[PDB]
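Visitor: Have a look at this one.
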Number of protein chains: 2
Amino acid sequence: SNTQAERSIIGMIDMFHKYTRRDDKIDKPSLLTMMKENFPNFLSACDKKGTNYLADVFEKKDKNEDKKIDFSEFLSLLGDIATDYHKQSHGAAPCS
Amino acid sequence: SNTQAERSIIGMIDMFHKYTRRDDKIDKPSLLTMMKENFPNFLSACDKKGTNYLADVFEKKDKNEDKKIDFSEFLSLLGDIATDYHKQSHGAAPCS
Ligand SMILES: [Ca+2]
Ligand SMILES: [Ca+2]
Ligand SMILES: [Zn+2]
């Protein structure tokens with residue numbers, strides 16, 4: 001058996017593979033769907049802060065402008081989210 | 001309420017702080033410990049291939065050489081792991 005940590009990481013890959021296309025990449029409307037379905041509290045925090053994260057996230061995370069989100073671009077996206085929570089845990093405000 | 005996804009992220013942050021002692025960063029011995037307790041299979045997989053990941057992980061990831069791993073350096077570490085497991089999902093062997 002694998003530790004929780006290991007399990008947790010595999011989960012993200014499983015999550016990824018729930019929204020990818022044949023090419024192992026996620027298109028924009030799917031990426032938005034993914035966001036809405038899996039990080040709603042995060043989003044509600046940005047909108048309450050007056051920020052609509054979904055408006056440009058795709059545009060900011062598609063670093064190579066291939067109109068697709070690959071796993072690495074995907075990793076970065078999660079990175080930004082984790083990061084916001086971290087700052088939160090040291091007091092900081094959500095979406096900051 | 002929190003999705004599986006959100007909780008999983010918060011968990012990573014919790015795991016992180018477990019090894020920070022009273023401050024906000026992880027020393028080398030603490031990181032190695034974190035690795036052994038939370039990624040044993042990834043580790044064994046590495047050893048089986050004849051690779052001891054622990055040998056330079058700290059050195060590889062302390063990008064700013066302050067001889068501590070801050071949350072950002074940490075996320076990069078977990079990226080390398082996540083990335084390995086991604087590839088495994090496409091067949092490939094652990095620790096490659
Ligand atoms: Ca892209
Ligand atoms: Ca450092
Ligand atoms: Zn894939």
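By convention in this document, the chains of the structure tokens carry letters A, B, ... by their order, each chain's residues are numbered from 1, and ligands are numbered from 1 in the order they are shown.
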Neighbours of ligand 1 at 8 Å or closer, counting only C-alpha atoms and all ligand atoms: which residues, as a PyMOL selection string?
Guide: chain A and resi 61-70+73
Visitor: Would you please extract all helix (DSSP H, G or I) residues from stretch 40-79 of chain A, as assigned by DSSP on the backbone, and give them as a VMD selection string?
Guide: chain A and resid 40 to 48 53 to 55 57 to 61 71 to 79
Visitor: With all C-alpha atoms paired in order, what RMSD does the least-squares fit of chain A onto chain B leave?
Guide: 0.6 Å
Visitor: Taking only C-alpha atoms into account, what are the residues of chain B at most 9 Å from chain A, put as number ranges by chain?
Guide: B: 1-6, 8-13, 15, 37-42, 71-72, 75-76, 78-79, 81-83, 85-86, 89
Visitor: So that I have them on file, write out the residues from the current selection with N, CA and C atoms, as a PDB file, in the first residue's frame.
Guide:
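Heads up, here's the output in part.pdb:
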ATOM      1  N   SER B   1     -18.387  23.801   2.273  1.00  0.00           N
ATOM      2  CA  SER B   1     -17.743  22.492   2.335  1.00  0.00           C
ATOM      3  C   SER B   1     -16.618  22.380   1.306  1.00  0.00           C
ATOM      4  N   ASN B   2     -15.697  21.463   1.577  1.00  0.00           N
ATOM      5  CA  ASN B   2     -14.480  21.303   0.796  1.00  0.00           C
ATOM      6  C   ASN B   2     -14.538  20.070  -0.097  1.00  0.00           C
ATOM      7  N   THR B   3     -14.128  20.243  -1.350  1.00  0.00           N
ATOM      8  CA  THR B   3     -14.063  19.126  -2.282  1.00  0.00           C
ATOM      9  C   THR B   3     -12.895  18.215  -1.932  1.00  0.00           C
ATOM     10  N   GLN B   4     -12.912  16.999  -2.464  1.00  0.00           N
ATOM     11  CA  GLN B   4     -11.755  16.122  -2.366  1.00  0.00           C
ATOM     12  C   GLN B   4     -10.488  16.868  -2.790  1.00  0.00           C
ATOM     13  N   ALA B   5     -10.615  17.627  -3.875  1.00  0.00           N
ATOM     14  CA  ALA B   5      -9.486  18.349  -4.446  1.00  0.00           C
ATOM     15  C   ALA B   5      -8.927  19.369  -3.464  1.00  0.00           C
ATOM     16  N   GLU B   6      -9.810  20.197  -2.909  1.00  0.00           N
ATOM     17  CA  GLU B   6      -9.328  21.244  -2.007  1.00  0.00           C
ATOM     18  C   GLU B   6      -8.663  20.643  -0.776  1.00  0.00           C
ATOM     19  N   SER B   8      -7.291  17.844  -0.408  1.00  0.00           N
ATOM     20  CA  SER B   8      -6.021  17.240  -0.795  1.00  0.00           C
ATOM     21  C   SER B   8      -4.914  18.288  -0.817  1.00  0.00           C
ATOM     22  N   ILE B   9      -5.253  19.488  -1.286  1.00  0.00           N
ATOM     23  CA  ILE B   9      -4.275  20.571  -1.325  1.00  0.00           C
ATOM     24  C   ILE B   9      -3.930  21.037   0.083  1.00  0.00           C
ATOM     25  N   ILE B  10      -4.961  21.256   0.893  1.00  0.00           N
ATOM     26  CA  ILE B  10      -4.726  21.673   2.272  1.00  0.00           C
ATOM     27  C   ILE B  10      -3.830  20.660   2.974  1.00  0.00           C
ATOM     28  N   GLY B  11      -4.075  19.382   2.692  1.00  0.00           N
ATOM     29  CA  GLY B  11      -3.263  18.319   3.261  1.00  0.00           C
ATOM     30  C   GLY B  11      -1.797  18.506   2.924  1.00  0.00           C
ATOM     31  N   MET B  12      -1.490  18.885   1.679  1.00  0.00           N
ATOM     32  CA  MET B  12      -0.091  19.064   1.308  1.00  0.00           C
ATOM     33  C   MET B  12       0.545  20.125   2.204  1.00  0.00           C
ATOM     34  N   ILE B  13      -0.260  21.144   2.495  1.00  0.00           N
ATOM     35  CA  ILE B  13       0.240  22.258   3.301  1.00  0.00           C
ATOM     36  C   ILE B  13       0.449  21.788   4.730  1.00  0.00           C
ATOM     37  N   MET B  15       1.086  18.660   5.639  1.00  0.00           N
ATOM     38  CA  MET B  15       2.275  17.825   5.584  1.00  0.00           C
ATOM     39  C   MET B  15       3.527  18.694   5.643  1.00  0.00           C
ATOM     40  N   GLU B  37       9.180   9.130   5.337  1.00  0.00           N
ATOM     41  CA  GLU B  37       7.881   8.867   5.934  1.00  0.00           C
ATOM     42  C   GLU B  37       6.727   8.938   4.937  1.00  0.00           C
ATOM     43  N   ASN B  38       6.857   9.773   3.910  1.00  0.00           N
ATOM     44  CA  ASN B  38       5.709  10.068   3.061  1.00  0.00           C
ATOM     45  C   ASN B  38       5.875   9.561   1.643  1.00  0.00           C
ATOM     46  N   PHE B  39       7.097   9.271   1.204  1.00  0.00           N
ATOM     47  CA  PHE B  39       7.251   8.724  -0.147  1.00  0.00           C
ATOM     48  C   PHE B  39       8.100   7.465  -0.172  1.00  0.00           C
ATOM     49  N   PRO B  40       7.746   6.468   0.632  1.00  0.00           N
ATOM     50  CA  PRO B  40       8.613   5.288   0.760  1.00  0.00           C
ATOM     51  C   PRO B  40       8.618   4.445  -0.508  1.00  0.00           C
ATOM     52  N   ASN B  41       7.442   4.337  -1.132  1.00  0.00           N
ATOM     53  CA  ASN B  41       7.388   3.508  -2.337  1.00  0.00           C
ATOM     54  C   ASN B  41       8.134   4.178  -3.478  1.00  0.00           C
ATOM     55  N   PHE B  42       7.936   5.487  -3.640  1.00  0.00           N
ATOM     56  CA  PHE B  42       8.667   6.192  -4.694  1.00  0.00           C
ATOM     57  C   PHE B  42      10.159   5.989  -4.449  1.00  0.00           C
ATOM     58  N   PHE B  71       8.354  26.915   1.086  1.00  0.00           N
ATOM     59  CA  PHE B  71       7.181  26.310   0.479  1.00  0.00           C
ATOM     60  C   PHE B  71       7.266  26.197  -1.038  1.00  0.00           C
ATOM     61  N   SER B  72       7.862  27.200  -1.670  1.00  0.00           N
ATOM     62  CA  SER B  72       7.961  27.167  -3.126  1.00  0.00           C
ATOM     63  C   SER B  72       8.900  26.061  -3.580  1.00  0.00           C
ATOM     64  N   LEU B  75       6.977  22.781  -3.307  1.00  0.00           N
ATOM     65  CA  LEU B  75       6.069  22.541  -4.425  1.00  0.00           C
ATOM     66  C   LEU B  75       6.843  22.029  -5.635  1.00  0.00           C
ATOM     67  N   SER B  76       8.058  22.535  -5.856  1.00  0.00           N
ATOM     68  CA  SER B  76       8.820  22.004  -6.989  1.00  0.00           C
ATOM     69  C   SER B  76       9.170  20.530  -6.792  1.00  0.00           C
ATOM     70  N   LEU B  78       7.540  18.291  -5.030  1.00  0.00           N
ATOM     71  CA  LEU B  78       6.335  17.507  -5.285  1.00  0.00           C
ATOM     72  C   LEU B  78       5.999  17.480  -6.769  1.00  0.00           C
ATOM     73  N   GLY B  79       6.412  18.525  -7.490  1.00  0.00           N
ATOM     74  CA  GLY B  79       6.202  18.506  -8.936  1.00  0.00           C
ATOM     75  C   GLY B  79       6.977  17.348  -9.549  1.00  0.00           C
ATOM     76  N   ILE B  81       7.848  14.653  -8.332  1.00  0.00           N
ATOM     77  CA  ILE B  81       7.212  13.383  -7.997  1.00  0.00           C
ATOM     78  C   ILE B  81       5.947  13.187  -8.824  1.00  0.00           C
ATOM     79  N   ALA B  82       5.053  14.162  -8.749  1.00  0.00           N
ATOM     80  CA  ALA B  82       3.813  14.143  -9.513  1.00  0.00           C
ATOM     81  C   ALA B  82       4.095  13.789 -10.967  1.00  0.00           C
ATOM     82  N   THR B  83       5.127  14.450 -11.481  1.00  0.00           N
ATOM     83  CA  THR B  83       5.541  14.195 -12.855  1.00  0.00           C
ATOM     84  C   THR B  83       5.958  12.752 -13.052  1.00  0.00           C
ATOM     85  N   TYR B  85       4.887  10.137 -11.382  1.00  0.00           N
ATOM     86  CA  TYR B  85       3.690   9.295 -11.374  1.00  0.00           C
ATOM     87  C   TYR B  85       2.847   9.515 -12.617  1.00  0.00           C
ATOM     88  N   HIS B  86       2.899  10.719 -13.189  1.00  0.00           N
ATOM     89  CA  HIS B  86       2.109  10.941 -14.398  1.00  0.00           C
ATOM     90  C   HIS B  86       2.552   9.957 -15.479  1.00  0.00           C
ATOM     91  N   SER B  89       1.531   6.390 -15.303  1.00  0.00           N
ATOM     92  CA  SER B  89       0.170   6.236 -15.792  1.00  0.00           C
ATOM     93  C   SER B  89       0.146   6.042 -17.304  1.00  0.00           C
TER      94      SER B  89
END
Visitor: Neighbours of residue A:28 within 7 Å (only C-alpha atoms; same-chain residues fewer than 2 positions away dropped), as a PDB file with C-alpha atoms, in the first residue's frame?
Guide:
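Now in selection.pdb:
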ATOM      1  CA  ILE A  26      -7.149  19.798 -21.368  1.00  0.00           C
ATOM      2  CA  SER A  30     -12.963  21.648 -19.852  1.00  0.00           C
ATOM      3  CA  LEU A  31     -10.357  23.455 -17.786  1.00  0.00           C
ATOM      4  CA  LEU A  32     -12.997  25.922 -16.608  1.00  0.00           C
ATOM      5  CA  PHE A  58      -6.479  29.699 -19.097  1.00  0.00           C
ATOM      6  CA  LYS A  68      -4.190  23.412 -24.503  1.00  0.00           C
TER       7      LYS A  68
END
Visitor: Which residue out of A:53, A:74, A:47, A:33 has the minimum interatomic distance to ligand 3 when only C-alpha atoms and all ligand atoms are used?
Guide: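 Among the listed residues, A:74 lies closest to ligand 3.
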Visitor: In Å, rounded to a single decimal, give me how far atom 1 (Zn, counted along the ligand's line) of ligand 3 is from atom CA of residue A:22.
Guide: 9.3 Å
Visitor: Could you check the closest approach to ligand 2 for each of B:18, B:60, B:49, B:36 and tell me which residue wins, using only C-alpha atoms and all ligand atoms?
Guide: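 So, comparing all the options, the nearest one is B:60.
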Visitor: With a distance cut-off of 10 Å and only C-alpha atoms, select the neighbouring residues of residue B:51, excluding the residue or stretch itself and same-chain residues fewer than 5 positions from it, and output the selection as a list in words.
Guide: residues 43, 44, 45, 46, 95 and 96 of chain B
Visitor: Give me a file of those residues, with C-alpha atoms, as an mmCIF file, in the first residue's frame.
Guide:
data_model
loop_
_atom_site.group_PDB
_atom_site.id
_atom_site.type_symbol
_atom_site.label_atom_id
_atom_site.label_comp_id
_atom_site.auth_asym_id
_atom_site.auth_seq_id
_atom_site.Cartn_x
_atom_site.Cartn_y
_atom_site.Cartn_z
ATOM 1 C CA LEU B 43 11.898 5.806 -2.786
ATOM 2 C CA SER B 44 12.073 2.018 -2.990
ATOM 3 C CA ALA B 45 11.166 2.231 -6.673
ATOM 4 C CA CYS B 46 14.165 4.486 -7.063
ATOM 5 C CA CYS B 95 11.850 6.762 -10.944
ATOM 6 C CA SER B 96 12.940 7.575 -14.496
#
Visitor: Taking only C-alpha atoms and all ligand atoms into account, name the residue in B:84, B:55, B:50, B:21 that is nearest to ligand 3.
Guide: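 Of B:84, B:55, B:50, B:21, the one nearest ligand 3, counting only C-alpha atoms and all ligand atoms, is B:84.
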